[PDB]
Amino acid sequence: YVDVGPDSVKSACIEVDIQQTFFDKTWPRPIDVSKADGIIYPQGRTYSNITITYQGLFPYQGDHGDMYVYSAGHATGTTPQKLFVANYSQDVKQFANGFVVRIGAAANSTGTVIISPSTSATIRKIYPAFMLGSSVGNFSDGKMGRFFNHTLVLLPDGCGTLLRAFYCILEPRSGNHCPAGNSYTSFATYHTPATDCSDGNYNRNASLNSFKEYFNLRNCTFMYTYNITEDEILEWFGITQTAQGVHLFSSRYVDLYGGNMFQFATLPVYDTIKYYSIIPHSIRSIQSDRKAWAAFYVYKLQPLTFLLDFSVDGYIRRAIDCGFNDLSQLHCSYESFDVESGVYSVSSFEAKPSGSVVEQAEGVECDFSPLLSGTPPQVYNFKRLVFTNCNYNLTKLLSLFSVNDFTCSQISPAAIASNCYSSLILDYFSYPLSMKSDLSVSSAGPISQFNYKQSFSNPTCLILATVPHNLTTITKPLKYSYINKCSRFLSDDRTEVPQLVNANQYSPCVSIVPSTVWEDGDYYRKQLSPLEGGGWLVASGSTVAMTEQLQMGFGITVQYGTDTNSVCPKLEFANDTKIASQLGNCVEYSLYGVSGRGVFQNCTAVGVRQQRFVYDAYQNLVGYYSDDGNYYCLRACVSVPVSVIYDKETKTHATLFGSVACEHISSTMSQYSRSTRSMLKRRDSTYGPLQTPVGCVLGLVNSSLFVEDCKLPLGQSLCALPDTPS
Amino acid sequence: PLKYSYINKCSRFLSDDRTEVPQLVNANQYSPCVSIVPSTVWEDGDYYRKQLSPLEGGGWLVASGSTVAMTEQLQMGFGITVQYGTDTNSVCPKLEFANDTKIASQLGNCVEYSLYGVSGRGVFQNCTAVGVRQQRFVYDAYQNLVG
């Protein structure tokens, strides 16, 4: 393992007190995508002074981030004491596609000491520490953030000039206030700046030793160190986790001024990261000497597309988060930072459909009790079960067997249980696990040639299983057997023609074949009459030795109908709101397994009743002749068409919703079209909708003036008169 | 190894002890069940279960495995894959550059080339570097190398 050096001197750890209420600040920092905030440089490639679009993991433009700040600990007079820290040890996050940070964002300024904030000390850049891993949990004291197995360590050590990476296992300590000891409160690490960070001695292991104090290093597999230089200018840093390991991106390595992050380093850790947390730290500074520290920000990445303004210096100087809003969408769609003035359609509102109702059942159980006894048939002797009007829980049925093969076609193995159908059909037979080779829907084997064919008109979930020793009512055939020949000899006794089995049907030769094949290679022949077209029917079969536990095969298929969809899963309707009468929005629904969403009203039944569902020329439901005696007319679902009126000289715009009317328009909305419409809110944070002859709009003054040339015409005699001219 | 062995089950039981959902292995990654599974499967059909916390979303992790008899000479499997990068194409075959003309400076015609495995042919001249350095290869809007 890694040469970690010496262990901690004492079992006890400096006591940690949570003072998190002192750390509250309101210093949010939204991503300015037009300054390329948080932009990681493209991986190993650049472009010249051009505009292009690109997709990758990037923080969303609207994010103001999560902010953290570190402080000096407990100290009084001329000495350090305990660790007065925030609750960062308990701050377990889900790792989410990597993240980027701002370090030193508030540096070269002033703030407060935090824990002693009235001091109003000037603020300086400070480097964050982190831990990541695949598993977290409670400490023996119930404390959050214990990490399990190997963990990913990030810590600056001593000064910001040294950075460490580790991949290692933590060992808790049983001393006073320590991770196994039961006087423990919270994790923390610390720096002792009075002797650390000396200009004749930067303590290369300061922070790690203060870490060692709480946890011994065990199974250290990775270690890296980096030489860094100090600079109060803000830097960007990013992490990703990939199949090629974790990668480290930074502006410090390459781009001090533009802030683009380049892949400074890589890691060999191929373990999935599920959890991400920020490590607590304290400065063991003298009370009289306390100093304040600059705020730190972090932003999670998302799979987003951007328009990118590369400079001739190869740095992205501006960008457009394409999906951030409608205007951004336009810029991105035309790959420019200045779309020409005009009126443009944008994505419609989804109209926020309401939570679902159903009309499924009433019904009886789809009792499967025939499967519980006797010898299941030879493959040419199929026994079939068909259910209608009934409710089931197939997992209870499945518990009765040990399934050694579950495969399906046209449906997931889960979905075949979850879905309602008009019929549920099951074919079952004896079938060993030696010959279990010839069952598939595409099999060309003699099993499919003469004994079974499965139609592709329906989804089908095939099962091979064995019978448990406590299913004593199940019995087994003397051998497992099948037809391996079924052809007709010509009346001239030379030519011969096979009769392949029809889908879901018995081959004709079953009429001459014995219920089981007594001996392998048994064959039988029948002379055929002139009424039968002449010739001889000729058939034969083969056998497989019996097994100590019976082996079984099941073919299961389902049929979807219209008003006959009455086999369903057992309802979970208990403890729920009354259905289906809400009405209401275009409510999502499942009516006897007929699913979709839509608007309904009580309205004039039309021909013909007892068909339930009647559809139009495009097979869209017209309405439902309900069981409550009301015909419910379907009025589908609604959306709001919307467009942008853009005057690029003033850099302003208006919007239209039109025929929807201002009854459905309000100062805020969530239906939705875009995640924000802040581009309108630039002024319309203070304004309501206006109703017009084309219909409801935003961003407009009712001037009612007359215009000689609209410039951006609204049709009819309507007009978007320009905002105040330059 | 004493036997060759593998995982044949890795699913999570629902907290109601009826429904169960499989956790299939991710491409090029370990399945989560390796955290409870032993380094080798000691006996064919060995199975192990872990109750999952509410922090873990509840339920039980359930896993099992199977074994194959050892062979007199060891049998091995190798999965080998390669990644193509841009300016990172630095794993190559050993060069056969010995006993050859000086490269790459000819210039010359549109000379055929392979620059760190970046291949094609083209004309080159010494000319005004553009942003940004240490990306080596910079391309146009159609992903054609600029220089």
# chains A, B, ... in the order shown; residues from 1 in each chain; ligands from 1
>>> interface_residues(of="chain B", to="chain A", cutoff="6 Å", atoms="only C-alpha atoms", output="ChimeraX atom specification")
/B:86-87,131-132,135,138-139
>>> residues_around(residues="residue B:4", least_positions_apart="6", cutoff="7 Å", atoms="only C-alpha atoms", output="list in words")
residues 67, 68, 69 and 70 of chain B
>>> write_last_selection(atoms="C-alpha atoms", output="CSV table (one decimal), in the first residue's frame")
chain,number,residue,atom,x,y,z
B,67,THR,CA,-19.1,-22.3,-9.4
B,68,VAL,CA,-17.2,-24.3,-12.0
B,69,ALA,CA,-14.5,-26.9,-11.3
B,70,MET,CA,-10.9,-25.9,-11.5
>>> atom_distance(atom1="atom CA of residue A:574", atom2="atom CA of residue A:602")
25.9 Å
>>> residues_around(residues="residue A:406", least_positions_apart="5", cutoff="9 Å", atoms="only C-alpha atoms", output="VMD selection string")
chain A and resid 413 461 to 465
>>> closest_residue(among="B:94, B:9, B:125, B:54", to="residue B:108", atoms="only C-alpha atoms")
B:125
>>> atom_distance(atom1="atom CA of residue A:481", atom2="atom CA of residue A:544")
6.0 Å
>>> select_by_dssp(residues="stretch 164-387 of chain A", states="strand (DSSP E)", output="PyMOL selection string")
chain A and resi 164-172+189-191+215-227+235-242+245-250+262-266+275-279+281-283+292-293+296-310+316-321+342-349+357-358+364-365+383-387
>>> closest_residue(among="A:607, A:142, A:303, A:353", to="residue A:97", atoms="only C-alpha atoms")
A:303
>>> residues_around(residues="stretch 669-679 of chain A", least_positions_apart="3", cutoff="8 Å", atoms="only C-alpha atoms", output="PDB file with N, CA, C and O atoms, in the first residue's frame")
ATOM      1  N   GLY A 323     -31.506  25.827 -23.465  1.00  0.00           N
ATOM      2  CA  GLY A 323     -32.803  25.580 -22.876  1.00  0.00           C
ATOM      3  C   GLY A 323     -33.189  26.517 -21.729  1.00  0.00           C
ATOM      4  O   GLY A 323     -34.274  26.364 -21.163  1.00  0.00           O
ATOM      5  N   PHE A 324     -32.330  27.477 -21.382  1.00  0.00           N
ATOM      6  CA  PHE A 324     -32.596  28.314 -20.223  1.00  0.00           C
ATOM      7  C   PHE A 324     -33.901  29.084 -20.341  1.00  0.00           C
ATOM      8  O   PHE A 324     -34.670  29.149 -19.387  1.00  0.00           O
ATOM      9  N   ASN A 325     -34.177  29.618 -21.518  1.00  0.00           N
ATOM     10  CA  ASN A 325     -35.446  30.266 -21.772  1.00  0.00           C
ATOM     11  C   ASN A 325     -35.723  30.302 -23.268  1.00  0.00           C
ATOM     12  O   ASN A 325     -34.937  29.789 -24.061  1.00  0.00           O
ATOM     13  N   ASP A 326     -36.846  30.883 -23.644  1.00  0.00           N
ATOM     14  CA  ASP A 326     -37.273  30.939 -25.034  1.00  0.00           C
ATOM     15  C   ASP A 326     -36.346  31.732 -25.942  1.00  0.00           C
ATOM     16  O   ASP A 326     -36.076  31.333 -27.072  1.00  0.00           O
ATOM     17  N   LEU A 327     -35.867  32.855 -25.450  1.00  0.00           N
ATOM     18  CA  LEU A 327     -34.972  33.675 -26.222  1.00  0.00           C
ATOM     19  C   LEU A 327     -33.667  32.956 -26.456  1.00  0.00           C
ATOM     20  O   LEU A 327     -33.127  32.983 -27.562  1.00  0.00           O
ATOM     21  N   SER A 347     -41.780  26.963 -28.144  1.00  0.00           N
ATOM     22  CA  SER A 347     -42.452  25.763 -27.652  1.00  0.00           C
ATOM     23  C   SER A 347     -43.694  26.062 -26.811  1.00  0.00           C
ATOM     24  O   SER A 347     -43.690  26.960 -25.972  1.00  0.00           O
ATOM     25  N   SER A 348     -44.743  25.270 -27.042  1.00  0.00           N
ATOM     26  CA  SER A 348     -46.046  25.398 -26.381  1.00  0.00           C
ATOM     27  C   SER A 348     -46.083  24.928 -24.933  1.00  0.00           C
ATOM     28  O   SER A 348     -45.270  24.101 -24.518  1.00  0.00           O
ATOM     29  N   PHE A 349     -47.052  25.440 -24.180  1.00  0.00           N
ATOM     30  CA  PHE A 349     -47.258  24.983 -22.814  1.00  0.00           C
ATOM     31  C   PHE A 349     -47.945  23.632 -22.769  1.00  0.00           C
ATOM     32  O   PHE A 349     -48.956  23.426 -23.442  1.00  0.00           O
ATOM     33  N   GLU A 350     -47.427  22.745 -21.920  1.00  0.00           N
ATOM     34  CA  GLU A 350     -47.934  21.377 -21.729  1.00  0.00           C
ATOM     35  C   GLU A 350     -49.277  21.236 -21.002  1.00  0.00           C
ATOM     36  O   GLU A 350     -49.886  20.169 -21.035  1.00  0.00           O
ATOM     37  N   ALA A 351     -49.707  22.291 -20.331  1.00  0.00           N
ATOM     38  CA  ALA A 351     -50.991  22.350 -19.622  1.00  0.00           C
ATOM     39  C   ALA A 351     -51.168  21.349 -18.463  1.00  0.00           C
ATOM     40  O   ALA A 351     -52.297  20.942 -18.185  1.00  0.00           O
ATOM     41  N   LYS A 352     -50.084  21.020 -17.759  1.00  0.00           N
ATOM     42  CA  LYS A 352     -50.101  20.390 -16.433  1.00  0.00           C
ATOM     43  C   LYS A 352     -51.279  19.462 -16.082  1.00  0.00           C
ATOM     44  O   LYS A 352     -52.037  19.791 -15.165  1.00  0.00           O
ATOM     45  N   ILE A 665     -54.047  32.807 -18.060  1.00  0.00           N
ATOM     46  CA  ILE A 665     -52.759  33.471 -18.009  1.00  0.00           C
ATOM     47  C   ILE A 665     -52.618  34.221 -16.699  1.00  0.00           C
ATOM     48  O   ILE A 665     -53.542  34.902 -16.257  1.00  0.00           O
ATOM     49  N   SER A 666     -51.461  34.090 -16.077  1.00  0.00           N
ATOM     50  CA  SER A 666     -51.213  34.706 -14.785  1.00  0.00           C
ATOM     51  C   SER A 666     -49.767  35.124 -14.663  1.00  0.00           C
ATOM     52  O   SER A 666     -48.947  34.761 -15.508  1.00  0.00           O
ATOM     53  N   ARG A 682     -38.243  40.493 -17.183  1.00  0.00           N
ATOM     54  CA  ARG A 682     -37.357  41.653 -17.219  1.00  0.00           C
ATOM     55  C   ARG A 682     -38.118  42.969 -17.030  1.00  0.00           C
ATOM     56  O   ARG A 682     -37.604  43.893 -16.396  1.00  0.00           O
TER      57      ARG A 682
END
